[PDB]
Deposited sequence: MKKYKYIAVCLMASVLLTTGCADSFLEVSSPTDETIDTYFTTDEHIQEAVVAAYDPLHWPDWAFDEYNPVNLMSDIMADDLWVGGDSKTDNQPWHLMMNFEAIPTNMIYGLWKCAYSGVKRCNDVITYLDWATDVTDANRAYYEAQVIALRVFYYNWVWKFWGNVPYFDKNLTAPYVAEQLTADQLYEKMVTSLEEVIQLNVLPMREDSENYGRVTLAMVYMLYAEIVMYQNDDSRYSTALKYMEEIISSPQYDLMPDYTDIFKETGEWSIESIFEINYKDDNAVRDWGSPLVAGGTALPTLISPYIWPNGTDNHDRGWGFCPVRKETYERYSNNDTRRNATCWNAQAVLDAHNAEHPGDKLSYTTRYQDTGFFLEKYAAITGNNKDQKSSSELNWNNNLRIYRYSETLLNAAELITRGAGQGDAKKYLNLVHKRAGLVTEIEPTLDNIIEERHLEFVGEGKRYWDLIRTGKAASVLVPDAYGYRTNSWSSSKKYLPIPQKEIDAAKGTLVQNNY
């Protein structure tokens, strides 16, 4: 009813962003949930029954009774908190026009963000704009119409300040617009998407970090390259097993760091050996590409060298699908949970990078090649390519742009969605030579099985996907 209470409610609508990595008794880190269905990582852990839903999804054999349910609950918690704010604003007095617009812009952009999670993973899902199963195509029209309404409020700044980093901005809204327009293959909005990407490119407060290896460091958080991140902190963080929803750190580096690594060696710490980096991922980089070592941390070579320098035979404990490589971007780094005050496992400081300026450039290059209008697709592609330390210029073909995204975004939740929307999934996601993936992707796998408990509780109102 008052301004101060709506302000607190707006803050609460942001909280589900930082939940899925540990919430509702599951690990569903949203970047890995898509990346394990692509061609860059294995699943790992103790065996195929450790986080079993992950191994089933990876092999296109998810089942409604053994599914990732946490992310579903996170997304719909988000939607509910945004809906709360729209309803509260109906019953509010002495809120300025500007503050009313600002509160609406934030919670409607977040609502589309949360719906994007369930739209991409499950497609045909229930919709509510106040506290009905839509087709994927019907949810899309709701989402993109909401984003149009947020842009037209004309209230969001292009970039936030030190104090407010993590708040919705116009650039975040633009990147979210491009993500859903491109996943839908809605070419009637390609022109508008390209105009929005060019507005970010024209801004002098977004640019590439000159060193790719500086992006994923703590000092790289909210750099000139960052459009949107989900904030995680170790500073007096008290996220715990029984209190997963409190704003502290992330579980992600504990999941994907080497099992019984000797903490502090090469300033890396131990984890549970999930998402080992495939050897093929390391091999697809040129020796000149700075992304190779920023993506692929060779844990085994570090100990091989150490055991020749100081011959204590150090080892880590190899788990399932071990390769010797781990995802350096979100690896446990000595000191990145040092200031936490609860369980150190859940309180890593690593922000989750959602949108980076390199995705602005590759979005623009791709929209130009898909007929969105004139622009310098070759300049935009080659800015990303050259930042990686490659000196030879490449043409802005769709295949070169899609492969640049592949090199640029391992572990960032982009590749699986890129493979489906470009029509490459059926050709790329086939049985491997290791006997790990034994199934082939097909269009029926586009949308996961809806969790059985949701099918049951809805008593026929929710129709199961034919996965």
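Residues 1-40, 172-178, 359 of the deposited sequence have no C-alpha coordinates in the structure.
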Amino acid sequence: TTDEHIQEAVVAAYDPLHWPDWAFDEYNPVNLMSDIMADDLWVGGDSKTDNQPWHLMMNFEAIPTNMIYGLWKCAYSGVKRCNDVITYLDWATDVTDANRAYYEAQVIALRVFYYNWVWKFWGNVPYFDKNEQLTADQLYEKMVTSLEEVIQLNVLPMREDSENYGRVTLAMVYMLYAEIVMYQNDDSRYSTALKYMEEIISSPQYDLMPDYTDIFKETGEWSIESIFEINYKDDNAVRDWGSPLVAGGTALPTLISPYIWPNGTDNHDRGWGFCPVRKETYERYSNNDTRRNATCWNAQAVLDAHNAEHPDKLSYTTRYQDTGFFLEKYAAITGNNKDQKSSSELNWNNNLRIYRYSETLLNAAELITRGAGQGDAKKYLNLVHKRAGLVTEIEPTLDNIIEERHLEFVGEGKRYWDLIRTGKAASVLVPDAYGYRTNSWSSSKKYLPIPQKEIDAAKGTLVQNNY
From here on, numbers count along this sequence of modelled residues.
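For the pair 360-368 and 201-209, the mean Cα B-factor is higher in 201-209. Higher average CA B factor: 85-93, of the stretches 339-347 and 85-93. The PDB entry gives the largest Cα B-factor of the residues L17, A23, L448, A12 to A12. Highest C-alpha temperature factor among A331, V112, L352, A98, as the PDB entry reports it: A98. In the PDB entry, a CA B factor belonging to the middle third of its chain's modelled residues is recorded for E403. In the deposited entry, the Cα temperature factor of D50 sits in the top third of values across the chain's modelled residues. The entry lists a Cα temperature factor for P431 that places it in the middle third of the chain's modelled residues. In the PDB entry, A305 places in the highest third of its chain by CA B-factor. Annotation for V43: C-alpha temperature factor in the lowest third relative to the rest of the modelled chain, per the entry.
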